[PDB]
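A.B. asks: coords below, sequence missing:
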Ligand SMILES: CC(C)CCC[C@@H](C)[C@H]1CC[C@H]2[C@@H]3CC=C4C[C@@H](OC(=O)CCC(=O)O)CC[C@]4(C)[C@H]3CC[C@]12C
Ligand SMILES: CC(C)CCC[C@@H](C)[C@H]1CC[C@H]2[C@@H]3CC=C4C[C@@H](OC(=O)CCC(=O)O)CC[C@]4(C)[C@H]3CC[C@]12C
Ligand SMILES: [Ca+2]
C-alpha cells in the first residue's frame, strides 16, 4: 500500500481507505469502554463457576475478553452463558448481560 | 480471580478447622468496606440532589435516573451479602458453643445450620449470596456508564 498512491485507478481508493481508518479510531475508543464494561461485569459473575459451566467462556479475564471479542463476529456460542448448576438467577443474569 | 480460582466449586477450603465455610465465603474484605463507603457517599449525594429539587425535577434526567438505578442495585447487592453473612454468623456462633467435635468432620450438625458447610453446588438457587453476586455483577456493568 506504500506504492499504491502512484496509481490513478487505485490511488483514490487507498487514500479514502486511510481516511476511514482514522475516522473509526475515535469510534473504536468508545466501544472499548463499552467492551471493558461487560468484560469486567461478566467475568465477576462467572469467575466462581470454573468447573460448573458448559465451556470456560467468562471464567477468567483473558477468556472473558476472548468470548466477548469473538461475539462481535458471531463466532461465540450462546452456551457461554449456560451453567451446570441450578443457579438460574445467575444464569439468567448472564443471559441478559450477554444479550 | 484474574487467572481463575484454583479451588473447584465442589470443594470447601476453610483456613481453621472449626470455621463455617459460609463465614469465610461471605465475610467482607477491606476493599469491600471501601466500595460500600464509596457507594454510601455517592448515594448520599444523589439523595441531597433529589431532596433539594424534588421528584419531578430529579426524575427527568437520564444521568440522575441511571445513577439512582446503579446505586439501588449496589445497595441491594450489599444488603443481600450482609444477610448471607448474618446467617453464616449465626451458624458459626452455634458451632463454637454447642460443638466440641474437632473440626466439624465427624459431627453431624442440625439441618438448619448444616446447610452452611456446603460448597457452591449445594447452595439453594435463591439463597442471598447467589442473589448478592448476581446483582453485584449488574451494578459493576452499570458503573462504567458514568464514564
Ligand atoms: C500479480 C502478482 C504476481 C503480483 C502483484 C503485485 C502487485 C500488488 C504490485 C507489484 C507491482 C506493483 C505496481 C508497480 C508499478 C505500478 C505503476 C505505478 O504508476 C502507474 O500506474 C503508471 C503511471 C505513473 O507512474 O504515473 C502505480 C503503482 C503500480 C501499478 C504498482 C501497483 C502494485 C503492483 C502491481
Ligand atoms: C433507596 C434504597 C434504600 C433502596 C434499597 C432497597 C433494599 C434495602 C431492599 C429492596 C429489595 C430488597 C431485596 C429483595 C430480595 C432479596 C432476596 C432475599 O433472598 C432471601 O433471603 C430468600 C432466601 C432465604 O434467605 O431464605 C435476600 C434479601 C433481598 C436481596 C432483599 C434485600 C433488601 C432489598 C434489596
Ligand atoms: Ca446526580
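C.D. replies: Yep, that arrived. Numbers count the residues shown, from 1 in each chain, chains lettered A, B, ... in the order given. Ligands and ions are numbered 1, 2, ... in the order given.
A.B. asks: May I have the phi/psi pair for the residue nearest to the spatial centre of chain A?
C.D. replies: Geometric centre of chain A, nearest residue: residue A:69, 2.2 Å, by Cα atoms, centre = their mean. Residue A:69 adopts backbone torsions of phi -60, psi -50, taken as degrees, to the nearest 10.
A.B. asks: Give me the spatial nearest neighbour of it, chain neighbours excluded.
C.D. replies: residue A:35 (7.6 Å; Cβ to Cβ, 6 or more residues apart in numbering or on different chains). Just so you know, the C-beta spots here come from the backbone N, C-alpha and C atoms, and that holds for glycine as well.
A.B. asks: of all the residues in chain A, which ones are close to ligand 1?
C.D. replies: Applying Cβ under 6 Å from any ligand atom, we find that chain A lies next to ligand 1 at A:3, A:6-7.
A.B. asks: Within the helices and strands, which one has the residue located most distally from the centre of chain B?
C.D. replies: Most distant from the centre of chain B: residue B:57, at 33.3 Å, with distances by Cα atoms, centre = their mean. If you go by DSSP states H and E, residue B:57 is part of helix B:55-59.
A.B. asks: Give the buried residues for that helix.
C.D. replies: Going by neighbour count (16 or more other Cβ atoms under 10 Å in any protein chain shown), the buried part of helix B:55-59 is residue B:58.
A.B. asks: Are it and ligand 2 in contact anywhere?
C.D. replies: No - Helix B:55-59 lies out of reach of ligand 2 by Cβ under 6 Å from any ligand atom, never closer than 13.3 Å.
A.B. asks: Repeat that for stretch A:83-96.
C.D. replies: No - for stretch A:83-96, no contact with ligand 2 is found by Cβ under 6 Å from any ligand atom; the gap never falls below 9.6 Å.
A.B. asks: pretty sure residue B:134 contacts residue A:95?
C.D. replies: No - under the criterion of Cβ atoms under 8 Å, residue B:134 makes no contact with residue A:95, lying 11.6 Å away.
A.B. asks: Those two: which is more packed in?
C.D. replies: For residue B:134 and residue A:95, the more surrounded residue by other Cβ atoms under 10 Å in any protein chain shown is residue B:134, and the numbers stand at 20 against 14.
A.B. asks: Helices of the chain, start to end?
C.D. replies: No chain specified, so I'll use chain A. Assigned by DSSP state H, the helices in chain A fall at A:11-46, A:61-70, A:88-98.
A.B. asks: Sorry, I should have been clearer: chain B.
C.D. replies: Under DSSP H, chain B gives helices at B:21-26, B:30-53, B:55-59, B:62-98, B:111-114, B:128-143.
A.B. asks: Chain B against ligand 2: which residues are in contact?
C.D. replies: Taking Cβ under 6 Å from any ligand atom, the part of chain B that reaches ligand 2 is made up of B:72, B:75-76, B:79-80, B:83, B:126-128, B:131.
A.B. asks: Sort out which of these are buried, if you could.
C.D. replies: Neighbour-count burial (16+ other Cβ under 10 Å) is assigned, among those, to B:75-76, B:80, B:83, B:127-128, B:131.
A.B. asks: among those residues, which two are most distant?
C.D. replies: B:75 and B:127 (19.0 Å; Cβ to Cβ).
A.B. asks: re the thing from before, pick out whichever of the residues of chain B next to ligand 2 sits closest to ligand 1.
C.D. replies: residue B:72 (59.2 Å; Cβ to the nearest ligand atom).
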